[PDB]
Amino acid sequence: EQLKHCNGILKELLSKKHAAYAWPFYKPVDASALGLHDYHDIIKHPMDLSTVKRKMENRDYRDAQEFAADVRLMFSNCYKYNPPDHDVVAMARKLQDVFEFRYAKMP
Amino acid sequence: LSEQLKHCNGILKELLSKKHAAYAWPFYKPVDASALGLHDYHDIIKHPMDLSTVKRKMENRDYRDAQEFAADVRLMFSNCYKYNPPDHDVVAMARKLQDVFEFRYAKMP
Amino acid sequence: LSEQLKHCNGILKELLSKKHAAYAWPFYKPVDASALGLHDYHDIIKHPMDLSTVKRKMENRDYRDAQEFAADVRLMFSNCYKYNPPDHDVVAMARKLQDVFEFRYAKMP
Amino acid sequence: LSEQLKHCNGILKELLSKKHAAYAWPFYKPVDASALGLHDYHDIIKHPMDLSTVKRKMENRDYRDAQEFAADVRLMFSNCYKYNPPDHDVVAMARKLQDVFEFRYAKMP
Amino acid sequence: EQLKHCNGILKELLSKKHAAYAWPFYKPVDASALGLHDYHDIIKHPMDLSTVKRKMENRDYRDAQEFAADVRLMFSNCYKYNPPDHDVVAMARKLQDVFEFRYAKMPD
Amino acid sequence: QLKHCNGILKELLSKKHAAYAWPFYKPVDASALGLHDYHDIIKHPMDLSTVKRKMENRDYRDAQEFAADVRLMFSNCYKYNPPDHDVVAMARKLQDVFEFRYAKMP
Ligand SMILES: CCS(=O)(=O)Nc1ccc(Oc2c(C)cc(F)cc2C)c(-c2cn(C)c(=O)c3cc(-c4cc(C)c(OCCO)c(C)c4)oc23)c1
Ligand SMILES: CCS(=O)(=O)Nc1ccc(Oc2c(C)cc(F)cc2C)c(-c2cn(C)c(=O)c3cc(-c4cc(C)c(OCCO)c(C)c4)oc23)c1
Ligand SMILES: CCS(=O)(=O)Nc1ccc(Oc2c(C)cc(F)cc2C)c(-c2cn(C)c(=O)c3cc(-c4cc(C)c(OCCO)c(C)c4)oc23)c1
Ligand SMILES: CCS(=O)(=O)Nc1ccc(Oc2c(C)cc(F)cc2C)c(-c2cn(C)c(=O)c3cc(-c4cc(C)c(OCCO)c(C)c4)oc23)c1
Ligand SMILES: CCS(=O)(=O)Nc1ccc(Oc2c(C)cc(F)cc2C)c(-c2cn(C)c(=O)c3cc(-c4cc(C)c(OCCO)c(C)c4)oc23)c1
Ligand SMILES: CCS(=O)(=O)Nc1ccc(Oc2c(C)cc(F)cc2C)c(-c2cn(C)c(=O)c3cc(-c4cc(C)c(OCCO)c(C)c4)oc23)c1
């Protein structure tokens with residue numbers, strides 16, 4: 001019902017129409033490759049879109065509250081780790097604007 | 001003690017080494033659950049671990065002492081025993097590498 | 001024909017799918033000779049191949065036709081049969097994945 | 001000389017090193033045209049290149065000499081300068097990393 | 001709880017981030033290996049970060065006022081002993097700027 | 001013979017040369033100093049305490065092997081570091097001491 005609407009939002013963000021600011025969230029942050037030593041000291045529960053897609057197909061979200069929480073966690077990790085100036089916070093805010101809007105229009 | 005952790009580093013070095021490649025490789029990187037088709041991996045294993053992550057944590061100074069380092073390596077083996085049935089090959093490789101580990105950890109001065 | 005490279009994509013997508021993961025995983029990436037201790041690997045295997053390489057070449061559109069695609073995927077399997085003894089798990093996995101390959105290739109328009 | 005391939009290996013190891021990670025990351029893997037929505041990338045760029053590929057070729061021993069390595073590492077940067085307009089972040093990161101490359105290549109016995 | 005932030009502060013003094021200027025303060029001053037035959041007459045109470053670490057883990061510190069006072073003892077000990085010119089005074093200066101700030105940034 | 005050598009060691013380790021010998025007393029602690037690349041660049045680590053451990057062992061059969069290891073410790077420090085860092089200056093001040101007393105050996 002609403003779970004089915006949550007897919008279409010998850011699809012809409014994984015979609016290519018926001019790929020220009022959605023890309024830093026398609027896969028988990030690679031702290032090793034990015035040479036980020038403290039990423040996991042600071043981020044207790046990483047999240048990213050692929051990991052949301054995983055949990056969707058396993059049916060690990062019962063409600064939309066659990067789905068929105070992981071998507072919001074993905075964004076909060078980014079706002080937590082990074083300083084406000086960084087270009088990844090600006091794309092998180094653009095992608096989050098897309099999400100919150102699409103989530104608000106849920107029946 | 002820094003002597004402990006220096007020796008723990010030595011153990012980690014020995015687990016990653018050439019000589020145990022045959023049975024250590026399954027633990028060089030996190031379990032790629034999506035690549036392996038393992039839908040229920042991260043519902044069963046709350047706290048993944050591997051030797052890449054133990055090197056990272058050690059390099060990062062996340063290990064207060066030798067016990068913290070052992071808890072992780074041991075956690076890596078227990079997840080492997082948790083997720084898998086006893087007769088899968090990966091359980092037999094854990095046990096050989098765990099046997100390398102417990103010995104070296106036991107012999108630590 | 002772009003039609004037959006279209007079908008080579010399906011073949012690959014199929015080879016890479018969760019369906020076959022249990023025997024497909026060792027061809028997902030190049031053989032890491034370094035990590036696995038294989039000092040003679042690159043002496044014996046002059047032209048390594050694996051499925052990520054194949055995919056990269058596909059997205060690159062480096063395959064002039066389906067025969068080129070097929071020659072790489074078979075090079076992958078022959079590399080494996082050339083290097084390993086015939087009892088090794090990887091050989092039995094290769095034959096498992098190659099039966100899938102030789103079937104979907106064979107049943108292409 | 002495989003002595004000059006040794007140094008190119010040092011160069012690569014250096015380009016991949018954590019020091020340059022803030023500007024090297026876009027070249028760590030091939031450009032994902034699908035994921036990024038670049039429906040004209042493969043029309044414009046005929047021979048894509050990135051550092052993973054270079055490493056795989058180095059391990060495969062596909063490079064006859066240092067010149068050949070350099071042509072690939074340079075194809076990576078040109079490809080980037082060709083596709084993108086000059087204002088884009090990624091052109092600025094290319095030039096930054098290419099400065100490390102051009103320096104280290106030049107300091108070669 | 002304020003001792004929980006203190007421990008976070010100590011975690012940062014010890015991290016790779018400050019390792020070009022914090023290393024003099026990881027172990028106690030080894031006066032005899034250094035040939036500092038006066039150190040222990042001038043510095044009646046040595047301090048260093050591994051002693052702060054080890055005191056945290058016995059719960060030696062009753063409040064933040066006490067954890068602060070040892071990190072500061074460690075810095076004063078450096079300033080008390082050395083000439084203003086020496087490389088190690090600068091390094092304590094630098095690391096103290098990291099301590100004084102993160103201690104100030106403590107919620108209360 | 002190595003009594004001349006082991007007397008050279010006691011002198012390098014002693015208090016007279018501590019203000020420039022201090023970085024060579026124990027092995028280089030690359031983790032505590034934050035040097036990821038140190039052990040890939042310095043294959044064979046060396047330091048004076050380890051030189052003392054090799055001696056007590058009676059592993060140094062002949063004086064060249066003692067000299068190659070004191071020299072290696074120094075050659076590691078020149079190999080790893082740029083010339084203008086302080087620790088290359090201190091290595092040079094200690095190797096001056098080492099060399100002008102190893103040269104005066106029967
Ligand atoms: C698709 C997952 S990935 O494979 O790990 N790829 C990836 C690539 C770039 C990322 O961050 C950016 C982004 C998004 C834009 C940019 F211009 C530069 C960087 C480094 C990021 C990235 C994502 N998120 C969510 C983050 O929170 C952060 C933080 C950082 C980051 C990276 C570096 C190197 C940093 O250090 C720069 C100076 O040392 C800092 C402060 C933050 O990078 C990301 C990720
Ligand atoms: C180096 C990390 S990696 O990039 O993800 N590579 C990797 C590769 C193979 C792994 O497991 C093996 C191993 C080790 C041997 C083998 F013959 C087959 C498999 C699947 C494993 C693997 C490691 N560990 C620690 C595990 O606990 C498990 C469990 C499983 C696993 C995989 C599959 C496909 C399974 O399904 C079999 C039929 O469905 C089961 C039951 C378990 O795989 C691993 C990992
Ligand atoms: C995703 C590629 S990877 O990152 O390099 N990971 C990987 C992991 C395991 C591999 O091989 C297996 C496989 C498939 C199953 C198994 F139970 C044990 C091993 C070692 C192999 C592997 C793949 N292929 C295609 C091979 O031909 C061979 C050969 C060998 C291999 C490995 C070791 C350690 C070997 O030595 C055994 C005892 O010294 C031998 C003889 C062969 O491993 C692979 C690769
Ligand atoms: C690790 C390879 S990856 O998995 O494909 N990830 C990746 C991530 C970011 C990339 O480029 C950046 C970078 C580096 C920073 C940034 F703030 C935004 C982008 C898009 C790029 C990237 C690399 N190179 C070499 C390129 O030439 C280009 C070009 C583009 C690109 C992307 C988008 C969305 C673009 O916008 C299309 C219209 O909206 C344009 C014009 C170019 O992205 C890359 C790649
Ligand atoms: C990691 C602790 S340790 O095992 O005991 N090793 C150690 C190593 C170097 C130390 O100080 C430095 C520093 C930091 C930089 C430098 F270029 C030289 C020295 C000697 C110091 C050191 C730390 N602190 C906090 C100090 O206050 C002082 C003072 C001195 C010191 C040492 C010597 C040899 C001194 O020279 C005596 C004249 O021959 C003087 C005047 C002061 O060294 C330290 C300690
Ligand atoms: C007694 C063994 S110990 O316990 O590991 N202690 C120790 C302490 C200081 C050392 O080097 C100095 C010295 C001597 C003075 C100084 F002000 C700063 C450092 C880092 C060194 C040291 C010794 N030798 C032999 C070296 O070659 C090097 C190189 C380095 C070193 C350290 C840092 C932080 C460096 O900076 C990294 C970039 O910021 C660089 C480039 C080199 O430190 C030592 C060692």
Side-chain angles (χ1 to χ4, degrees), chain A residues 16-36 39 43 46-50 74-75 77-83 86-92, chain B residues 2, chain D residues 18 21-41 45 48-52 76-77 79-85 88-94, chain E residues 19-21 23-24 26-27 33 87-88 90-91, chain F residues 20-35 38 42 45-49 73-74 76-82 85-91:
Chain A
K16 274 156 227 193
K17 39 173 294 212
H18 321 288
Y21 45 91
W23 65 262
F25 313 102
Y26 289 160
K27 344 280 175 191
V29 163
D30 190 344
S32 146
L34 295 168
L36 288 192
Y39 190 83
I43 299 301
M47 187 56 48
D48 80 286
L49 293 168
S50 56
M74 177 183 104
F75 291 123
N77 288 333
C78 182
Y79 310 136
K80 190 178 177 52
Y81 188 76
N82 297 293
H86 201 319
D87 291 28
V88 78
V89 170
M91 300 167 200
Chain B
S2 317
Chain D
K18 331 99 203 88
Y23 49 96
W25 68 265
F27 312 94
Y28 283 174
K29 287 315 177 163
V31 173
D32 203 336
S34 272
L36 294 170
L38 311 186
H39 298 281
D40 64 354
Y41 190 77
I45 302 317
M49 186 58 48
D50 63 277
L51 293 170
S52 175
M76 188 179 92
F77 296 124
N79 280 357
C80 181
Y81 304 139
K82 184 168 175 82
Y83 184 69
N84 298 287
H88 196 296
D89 294 75
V90 83
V91 178
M93 312 179 167
Chain E
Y21 40 96
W23 66 262
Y26 296 166
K27 293 205 161 165
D87 292 27
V88 74
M91 285 180 183
Chain F
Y20 39 93
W22 70 261
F24 311 98
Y25 284 136
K26 308 293 206 220
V28 170
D29 192 337
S31 32
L33 284 165
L35 316 176
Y38 185 100
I42 305 312
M46 199 42 72
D47 64 290
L48 297 174
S49 58
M73 158 194 125
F74 286 116
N76 289 339
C77 170
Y78 306 129
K79 182 183 189 65
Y80 186 75
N81 293 291
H85 194 228
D86 288 313
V87 77
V88 173
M90 296 182 206

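Each chain gets a letter, A, B and so on, in the order its sequence line appears, and its residues count up from 1. When reading the values below, keep in mind they use all heavy atoms of this one structure, side chains included, and skip hydrogens, waters and symmetry mates. As the structure lists them, so they are numbered: ligands from 1, and atoms in each ligand from 1.
Between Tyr21(A) and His18(A), the ring planes lie tilted relative to each other; the angle falls in the 30° to 60° range.
Residue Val29(A) approaches ligand 1 through these ligand atoms, each under 4.0 Å from one of its heavy atoms: 5 (O), 23 (C), 24 (N), 25 (C), 26 (C). Atoms of ligand 4 found under 4.0 Å from any heavy atom of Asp32(D) (numbered from 1 in listed order, with element): 5 (O). Close approach of ligand 6 to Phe24(F) (heavy-atom distance below 4.0 Å) involves ligand atoms 25 (C).
Taking 4.5 Å as the limit, some side-chain heavy atom of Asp89(D) sits within range of a side-chain heavy atom of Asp87(A). In this structure, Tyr80(F) and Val87(F) have side chains that are not in contact, with every pair of non-hydrogen atoms separated by 4.5 Å or more. No side-chain heavy atom of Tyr41(D) sits under 4.5 Å from any side-chain heavy atom of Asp32(D).
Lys16(A) and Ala35(D) get closest at one heavy-atom pair: CG-O, 4.3 Å. In this structure, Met91(A) and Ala20(A) approach most closely via the heavy-atom pair SD-O, 4.5 Å. In terms of heavy atoms, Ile42(F) sits closest to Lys79(F) at CD1-CD, 3.9 Å. The heavy-atom pair separating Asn81(F) from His85(F) by the smallest distance is OD1-ND1, 3.8 Å.
Distance check on atom 9 (C) of ligand 6: some protein heavy atom falls below the 4.0 Å cut-off. Inside a 4.0 Å radius of atom 39 (O) of ligand 6 there is not any protein heavy atom. Checking atom 24 (N) of ligand 1 against the protein gives a heavy-atom contact under 4.0 Å.
Here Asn79(D) has no heavy atoms under 4.0 Å from ligand 4, in either its backbone or its side chain.
At the top of the distance list for atom 2 (C) of ligand 6, counting protein heavy atoms only, stands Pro27(F) O, 3.3 Å. For atom 35 (C) of ligand 1, the closest non-hydrogen atom on the protein side is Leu36(A) CD2, 3.7 Å. Among all non-hydrogen protein atoms, the one lying nearest atom 45 (C) of ligand 6 is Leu33(F) CD1, 3.5 Å. Remark: minimum distance from atom 17 (F) of ligand 1 to any protein heavy atom is reached at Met93(D) CE, 3.7 Å. Nearest non-hydrogen protein atom to atom 37 (C) of ligand 1 is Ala22(D) CB, 4.2 Å. Closest to atom 11 (O) of ligand 6 among all protein heavy atoms lies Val87(F) CG2, 4.4 Å.
Within the 4.0 Å heavy-atom shell around ligand 1 one does not find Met74(A). Using a 4.0 Å cutoff on heavy atoms, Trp25(D) counts as a contact of ligand 4. Residue contacts with ligand 1 do not include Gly35(A), since none of its heavy atoms lies under 4.0 Å from the ligand. In this structure, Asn84(D) has a heavy atom closer than 4.0 Å to ligand 4.
Atom-to-atom distance recorded for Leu36(D):CG and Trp23(A):CH2 is 8.0 Å, nearest 0.5 angstrom.
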(request) Mind running side-chain contact (heavy atoms from CB on, under 4.5 Å) on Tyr26(E) and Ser2(B) for me, showing each step along the way? (result) CA-CA 10 Å; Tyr26(E) 296 166; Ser2(B) 317; over 6 Å; no
(request) Take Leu38(D) and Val31(D) through the test side-chain contact (heavy atoms from CB on, under 4.5 Å) and record every step on the way to the result. (result) CA-CA 9 Å; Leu38(D) 311 186; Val31(D) 173; 4.2 Å; yes
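No N or O atom of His88(D) sits closer than 3.5 Å to an N or O atom of ligand 4.
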